[PDB]
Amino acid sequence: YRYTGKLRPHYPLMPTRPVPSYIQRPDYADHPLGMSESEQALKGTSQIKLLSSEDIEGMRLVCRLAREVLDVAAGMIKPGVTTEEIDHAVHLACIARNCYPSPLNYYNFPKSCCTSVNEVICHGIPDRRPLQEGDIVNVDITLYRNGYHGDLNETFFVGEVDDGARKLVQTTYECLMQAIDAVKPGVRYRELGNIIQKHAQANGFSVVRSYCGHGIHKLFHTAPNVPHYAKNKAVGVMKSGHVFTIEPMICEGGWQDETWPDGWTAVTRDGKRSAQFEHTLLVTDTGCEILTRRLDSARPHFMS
């Protein structure tokens, strides 16, 4: 394998961390290959679930808790801290909230959250590498509670960053928020990618094509599929009661990705930087409810 940039994996990984048996598990937690029986039963299906009142309540609670856990991660972003230490703190923060960390053993994923530094687009595996000043780093959190998953991500600055970092992170955030702004019943899911790409393209950046936003509730990933690039052919129309994510991955250079021999880590083919943001949204009559918003602060961590 020829690495696309300077980043390398830092092994060995610590033994996987157990989740105490009192915390409710998703079906895949104990499947040997980490397969989700309830997801695979609905594979290849465009049909979007419409959430009941108790579904909505369950989605509200878990996305609130997921935010709390991301805020925990954010507080630890500094030079010399390893992504593995972030993951350990994340893992304990999920347990304290009586939640299962959804990434853990998801299709055998080894860790409790995804940490994506610089050229890693998404799905970075927490490891022994100390964060370096100048780095940007995305932490993507999902929690599982009483049957429901809640999912969000933010990109952070590691100490002081160069001007290109500031710009890429800002634009990425702007892309997310412009797409959230257009969410309301009757809007086509395929339109969000037109908005995202138009904004990224205007700022000299490209949009990753191989990963998408997703529906989420009792399933971690399900219908709808939500591309972040223009002229995509996404199937579906937004409706009051739909719950899904927008999670645009935006690149300094070109849009193309490939995966490390670990089966998970997705990196730019040119080794330039990528940034990402994610909220889980609920479609309402006025627009959408941002289930994963910060409740006690106006902005994402990179601003404050």
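The first residue of the sequence shown is number 1, and the count goes up from there. We call the rigid core whatever largest set of C-alpha positions still superposes within 1.5 Å between the two forms.
Of the two stretches examined, 269-277 and 40-48, the one with higher mean CA deviation in 5 other deposited structures of this protein after a rigid core fit is 40-48.
According to the PDB record, 32-40 carries the higher mean C-alpha B-factor of the two stretches 32-40 and 266-274. The PDB entry records a higher mean C-alpha B factor for 203-211 than for its counterpart among 138-146 and 203-211. The entry lists C-alpha B-factors for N118, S102, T155, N225, and the highest of these is at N225. Per the PDB record, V161 has a higher Cα B-factor than any other of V169, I86, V161, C114.
Sort the chain's modelled residues by C-alpha temperature factor and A230 lands in the highest third, per the entry.
Ranked by Cα temperature factor within the chain, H91 sits in the lowest third according to the deposited record.
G241 sits in the highest third of its chain by CA B factor, as recorded in the PDB entry. Placement of the Cα temperature factor of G254 within the chain: highest third of the modelled residues, per the deposited record. Sorting the modelled residues of the chain by their CA temperature factor places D151 in the lowest third.
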